[PDB]
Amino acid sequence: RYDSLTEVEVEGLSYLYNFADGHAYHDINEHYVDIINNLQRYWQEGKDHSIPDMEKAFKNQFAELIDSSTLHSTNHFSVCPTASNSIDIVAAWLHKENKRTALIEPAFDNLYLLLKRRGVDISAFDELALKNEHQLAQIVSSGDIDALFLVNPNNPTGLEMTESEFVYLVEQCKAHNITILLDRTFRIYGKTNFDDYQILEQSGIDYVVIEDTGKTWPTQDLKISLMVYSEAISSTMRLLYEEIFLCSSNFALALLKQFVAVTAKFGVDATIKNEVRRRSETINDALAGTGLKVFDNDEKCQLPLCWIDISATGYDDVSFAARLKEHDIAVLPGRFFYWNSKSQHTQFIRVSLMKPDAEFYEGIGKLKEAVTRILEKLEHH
C-alpha cells in the first residue's frame, strides 16, 4: 500500500515513461529559447537588484499577466521556493489561530497531509459545492468551520469557478466570518478571466492566495510561489514565513519573471494552452475504442493532465498502474485524490501531459500498446 501520491511519483521518477507527477518538464518552446540563451542576463539582473525589489518586480509582472490591479497594489505577500511551502505555512497559520478548516475534495493529497501534519482540524467538502449555491451555504452556515481551503481550478477534475460562483463564495464566507485559503497553482490553465484578488480584498475577509510557476513554466523545479494575504493577518503570516525563509532566489525571480513576461508578450494560448490541447488530443485519440474513458464535460478547464476512467477494464487503479509499470509506464492511481473517501473512487488513473516531449509521445504510443496487450491477455482469461 502506498503512503501517498508523492510516493508513487517518486517511484515514477525511475521509469522509462513517467506520467505520474504534474510538475512541468516539457521542452523549451520557440518562444522561451532566448531566455535559456541568455541565462547570464538574468543572473546579472539578480545581482544588480535588491531582494525586495526583485520580489516586487516578479509579483508585479505576474499581476500584469493576470491583469489584477489589486495584486499589483498590495505589499502583503511573501515569496516561497515552492507552492507546498506556501501551503504548509498556511497550515501552520490555521493551527495557530485555531481555525477549523474544510478542505476541498478531491485535492492533491499532500494538501491534506500538510494540514494534518500541522494539527489542523480538517473536514471534507465536495468540490461540486462550489457550483451549488445552497450546498455551499449549508457548509458555511453549520458553525462547524472557520476556514475554507479550496483549489481553483481543481486538480484532477479541472473544476473551475465562474466569476459569479466566486462572488457568491466570498459573500457567503464574509457573512460567516470564514477565512478563505485559495490555491491558484493551476490558474493559467483556467478558462475564466476575472480579478479574484479584487473580489477578495473588497469584501474585507481574511484570505491567503497561493500562486505557483511549477505546473506551468518548465524550469527544472526552480520555482516561485507567491503567497498573498489580507492586511489583517499579514503580520502573523510573515512571522511564520520568516521562521523558515529569509528569501527566495533573486536568480530564480529574474528568470521566472522573464518566462512570465514572454507569456504575456505572445499570449497564454501560443505559449501554454495550445500545447496542453495537442497533448490532450494525443491521449484521447490513443485511448479511443479501448474502453478507457477520458473524463470530460462542458464546464471543466483543460489541466496539464488527463483523468481517465478505467472501470471498463475490470481493474482498479492501483492494479492497472501496477500492470503498466511492468511495461515501464508510470501513472498515478486516482483514489488518493479523494482523500476522505478513497475506496469509493478507485476507477481512475491520472496521466500528466507536460513531460519531456520525446518521452511523452513515445510513451503514449507505448501506453496504447500496453493497454491493448493487457486487455487482450484478459480475453484469454
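Each residue number is its position in the shown sequence, starting from 1.
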Quick note on 270-278 and 246-254: per-entry mean CA temperature factor is higher in 270-278
Higher avg CA temperature factor (161-169 vs 137-145, as deposited) belongs to 137-145
Based on the PDB entry, the highest CA temperature factor among the options 320, 62, 348, 339 is that of 320
Per the deposited entry, the peak Cα B-factor within the set 225, 152, 290, 123 goes to 290
Residue 312: C-alpha B-factor third of its chain, per the entry, is the highest
On the chain's distribution of Cα B-factors, residue 332 falls within the third called lowest
Residue 20: CA B-factor among chain residues, third -> lowest
Entry-reported C-alpha B-factor of residue 34 relative to its chain, by third, is middle
For residue 189, the third of its chain by CA B-factor is the middle
